[PDB]
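Protein chains: 4
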Amino acid sequence: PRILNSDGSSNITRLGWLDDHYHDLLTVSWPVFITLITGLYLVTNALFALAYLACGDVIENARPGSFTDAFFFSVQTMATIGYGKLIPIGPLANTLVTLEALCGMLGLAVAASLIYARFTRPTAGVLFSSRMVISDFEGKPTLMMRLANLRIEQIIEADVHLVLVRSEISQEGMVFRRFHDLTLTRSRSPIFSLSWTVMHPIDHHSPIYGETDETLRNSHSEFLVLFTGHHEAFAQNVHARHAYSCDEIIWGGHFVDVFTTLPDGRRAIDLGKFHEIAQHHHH
Amino acid sequence: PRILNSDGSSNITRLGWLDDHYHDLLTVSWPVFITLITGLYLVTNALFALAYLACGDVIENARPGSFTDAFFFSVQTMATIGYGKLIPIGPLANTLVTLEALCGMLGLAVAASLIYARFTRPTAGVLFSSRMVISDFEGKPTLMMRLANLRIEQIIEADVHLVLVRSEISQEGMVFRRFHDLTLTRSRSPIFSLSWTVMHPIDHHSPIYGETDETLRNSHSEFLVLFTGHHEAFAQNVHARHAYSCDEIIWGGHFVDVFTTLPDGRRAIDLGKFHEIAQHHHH
Amino acid sequence: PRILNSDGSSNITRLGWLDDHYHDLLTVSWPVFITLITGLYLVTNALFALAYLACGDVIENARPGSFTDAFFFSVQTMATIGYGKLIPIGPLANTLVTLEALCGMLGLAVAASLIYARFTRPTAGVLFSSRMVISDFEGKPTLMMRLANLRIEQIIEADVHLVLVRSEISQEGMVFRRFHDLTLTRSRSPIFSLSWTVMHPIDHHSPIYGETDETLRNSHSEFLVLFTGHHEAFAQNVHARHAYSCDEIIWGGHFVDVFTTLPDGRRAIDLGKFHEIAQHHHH
Amino acid sequence: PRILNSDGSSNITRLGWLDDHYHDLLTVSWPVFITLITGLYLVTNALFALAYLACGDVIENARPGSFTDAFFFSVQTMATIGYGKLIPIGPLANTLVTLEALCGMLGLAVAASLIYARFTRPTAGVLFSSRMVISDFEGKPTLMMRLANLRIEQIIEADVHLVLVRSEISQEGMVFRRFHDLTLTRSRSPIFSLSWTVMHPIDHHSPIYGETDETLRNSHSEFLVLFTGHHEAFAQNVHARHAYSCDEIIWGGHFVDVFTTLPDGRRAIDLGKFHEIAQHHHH
Ligand SMILES: [K+]
Ligand SMILES: [K+]
Ligand SMILES: [K+]
């Protein structure tokens, strides 16, 4: 019954048409977006066609009072193909022409921006260790997990937050869900390029100090990771979030090493070891 | 007589043509912007038309010395419909043609950028509690208000500032308006997704320490909220501001709750309760 | 003989073709930029024309072996006017056609970005007090100056740096220019909207502590101001810099006030007072 | 056998098609990118051509059932040249027409964004001293290197990180690589314009305290520099990274000086001295 999913998205039921137009256009699925555009496209040409007929027989080589001919003319026009069979006749015809044109291009201008706006979304090539572990490092138990960059490009002034979420009681006895930042031995990495193992020493200041497994389940406590940085690939900021549940903490585990020396004597990164955690089994 | 409005915009009278072109173009109302563009469009084609006539009878199938014909030709040319009735004749005609073309597309290039520049502005889907309250939490009064995210998308590394603005006297006796940043128990929320109740404990460090209602009116003091964060919807930064007056502080009040358990046993959010503040009435 | 000019640009002599293409294109003056584009435009069409002639007589209604005809055809083709007199003939002709097209639009795509890149530069509407003053505020002498926003739109997350630059001697006796950032009583203003008077208290920590005028001239010391913030007008970041020399510090001065109460009882801003500094003259 | 290259890119062997489409498109060499686009272009027109043939003889003046004719028609249609020889016939023909158009325009919209996305990348004009030096400044040994801005434009709120990377042993005996950010006497420069000599005093807090050369080689330790700032040239953020190996530290060296006084008495910047380091040779 987790508040937060693994993908980091909160897991709640929300209780609530043209109001949020811009958001909605960037939020819709590509199929839909393309449809909408199409609809709009067809629609407006039809409208324009009617305008033509309305004037009445103002297009060269158009079957009299036929909406198709006018429509297709309108596309050839708006789109500025301007084949040349169907042509404006008389001031009224042409004014509508020079109006459509402008309309068409403006639409392109609007479509473009939407496209570009929705199209230009980078994604940190970042991979999260499927598990956390609690184990002794430098003489104090420490909670860790690790990120691997999935691309050759580097992430600059990357940094990460390790947030514990769990239930608490106020002195007043309000029983709420609280967020605790957890101090990391290293929270900034100005140049993140291969792997980073993040650590929260556990000492008298850690909100998870002297806590067993039993106690963690009991506060229904999870761990939320937010990573962010400036990706050289995109020359644009990127982020990535992940969440862990009490039971994805492997007590005493140790992340295996992904750094190797080749036969060649050249260093290397093996991603295969990335999700592997060493463990002592005591029968 | 408030210095700051609810929308957070300061409430002062300011005492002060082509100077600020770029700002103005992004600042104008869409109707106006479109008009301007249109004007510019029509205008330039007229100019071009004149250029054509000026050469004299250089367009196929054009009524001799008729501006309309030239004008409409110019549009068909500059929008590159290029129907094909009206056509250039001779070097002068065509040079003007190849000039217009380029002109037209440059205009598109300029129009586009403006459009995109004005078009691409997100808005945090954030709603502010209409009131603040001063109530005891964990043993110290605390001033609070709360934000609710209005969209399914999440806001990352969101954070908020609670600023008290009020009149003061210097030892030197300068009577000025000063801004105090009020320490919040929680000022960052790396993953804002549903509701956030912001709190400023009031203790010997709070500029509103041991202050009643009477004293607040007296310094003509208001409270300004700035919220900001990176919206996943837009993959871009968003902000929202709000302001409160002394009298929108509900002393002793408690925000009602918005988190529920369904019959189903599934957690939920209710945004009807959002503006509701519990209160004790003592006859 | 100032190191820094009033406009904040350093005042030094620097001692040093296709290398910096992108910078150069954004750095050039509009006339020039347009020329370059034009040149490129004309040029490429000429090249294309030659390609056509090179096939030989492959365009309908073209005077045999005539470059003009080919050239103008090439424009009508690359701008996609496609009038319809001059037309491709045979495979070679048309392939070149379908190649040009693509070329043309790609050029548009490149031109656009440049245009937009150079076009979309905001400027903080910020005005700097022409002078600084040193005077007692809240019981310690304080250096100050002030900014006024020149537009109705607000600046978010605005903040400012007050940097003293002056010559120093190392224990080793290196005589260098050093920068001292000066602690301001208020360095962030999450919502800058009208005027902000920035202050650097002078106490045992101020690098200008117990310094007279004489001593300031002597270290040839100046004061550099950098302001930056996110402008709601442009929905984009803005900055502004300014510099002051030792002699633009008005000792004992006090900035006059720009905030008024109207007859109406409505508050107001008078930016005429903005540069005015009160002063005591003692015969 | 360095972990990090001079360009700051980590020097490891990574061990691991349509997955990363957007990154890949921005990452590919211009030649390749253009090819891809071209391919896509040609391809889609061919597809469209087939669509035409498939209806069968629906284009005016088209050799019956010939792909070339259809193909070239398709381009004239999709690029909206619309010459006018080949023309749609009947409903099926034209619908495909009005579909292509839109398609073409959308492609432009997509191409543009890619172009602009890849095209609009600035590069800090920043040059790194080829060497570092360890030498006494103001009475404590200090590690330094220096940056020179290579362009007339200025970089705002520039700042730099000096990171030591070297192998260590945990008490638990884990032998890992660790990063130490090294406190710099000056880490921000709100207005970087000519040269900046960065310094890390070495004292009881420096992770390189009481370390000789021998000891540095031994921990296989390098030094990583990240510089970043907002470039006025591009009105956009820029960064630059560099790395140094133990052996590019010139002990006792002193950077020569690049600031000069002209005969004219005007100050100047010479960048020939930039890489020059003074040294005492003791036979
Ligand atoms: K056309
Ligand atoms: K066209
Ligand atoms: K045509």
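Chains as they are written, first to last, in this note's numbering: chain R, 1 to 283; chain X, 284 to 566; chain U, 567 to 849; chain F, 850 to 1132.
All C-beta atoms in this analysis are idealised placements derived from N, C-alpha and C, irrespective of residue type, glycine included.
Could you tell me whether the Cβ of residue i comes closer than 8 Å to any Cβ of chain U?
i, result
"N377/X", "yes"
"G84/R", "yes"
"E1006/F", "yes"
"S1042/F", "yes"
"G291/X", "yes"
"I1099/F", "no"
"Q925/F", "yes"
Taking the alpha carbon of residue i as the reference point, which residue from the options has its own alpha carbon closest?
i, options, result
"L616/U", "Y607/U, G631/U, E626/U, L602/U", "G631/U"
"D702/U", "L397/X, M388/X, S453/X", "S453/X"
"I249/R", "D264/R, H21/R, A158/R, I277/R", "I277/R"
"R744/U", "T1034/F, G1022/F, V1024/F", "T1034/F"
"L948/F", "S221/R, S113/R, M78/R, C103/R", "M78/R"
"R687/U", "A961/F, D1106/F, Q1085/F, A958/F", "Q1085/F"
"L896/F", "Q1003/F, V946/F, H1054/F", "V946/F"
"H770/U", "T708/U, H797/U, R717/U", "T708/U"
"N577/U", "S1036/F, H1129/F, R1116/F, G1121/F", "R1116/F"
"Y890/F", "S855/F, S1068/F, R980/F, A960/F", "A960/F"
Please tell me whether, using a cut-off of 7 Å, the distance from the CB of residue i to the nearest non-hydrogen atom of ligand 2 is below it.
i, result
"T929/F", "yes"
Quick check: does the Cβ of residue i come within less than 7 Å of any heavy atom belonging to ligand 3?
i, result
"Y83/R", "yes"
According to DSSP, is residue i part of a helix, a strand, or is it coil?
i, result
"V32/R", "helix"
"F259/R", "strand"
"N432/X", "strand"
"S412/X", "coil"
"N803/U", "strand"
"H275/R", "helix"
"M710/U", "strand"
"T1032/F", "coil"
"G422/X", "coil"
"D159/R", "strand"
"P767/U", "strand"
"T1077/F", "strand"
"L1043/F", "coil"
If we define contact as Cβ-Cβ less than 8 Å, is residue i a contact residue for chain F?
i, result
"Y244/R", "no"
"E738/U", "yes"
"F128/R", "no"
"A636/U", "no"
"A799/U", "no"
Compute the distance between the beta-carbons of residue i and residue j, then report whether it is under 8 Å.
i, j, result
"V729/U", "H746/U", "yes"
"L782/U", "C812/U", "yes"
"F517/X", "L26/R", "yes"
"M145/R", "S129/R", "yes"
"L108/R", "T321/X", "no"
"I89/R", "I59/R", "yes"
"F538/X", "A523/X", "no"
"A690/U", "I721/U", "yes"
"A997/F", "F1123/F", "yes"
8 Å is my cut-off, CB to CB: does residue i come that close to chain X?
i, result
"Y607/U", "yes"
"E626/U", "no"
"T142/R", "no"
Can you check whether the C-beta of residue i is within less than 8 Å of a C-beta belonging to chain R?
i, result
"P473/X", "yes"
"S962/F", "yes"
"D553/X", "yes"
"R549/X", "yes"
"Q562/X", "no"
"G422/X", "yes"
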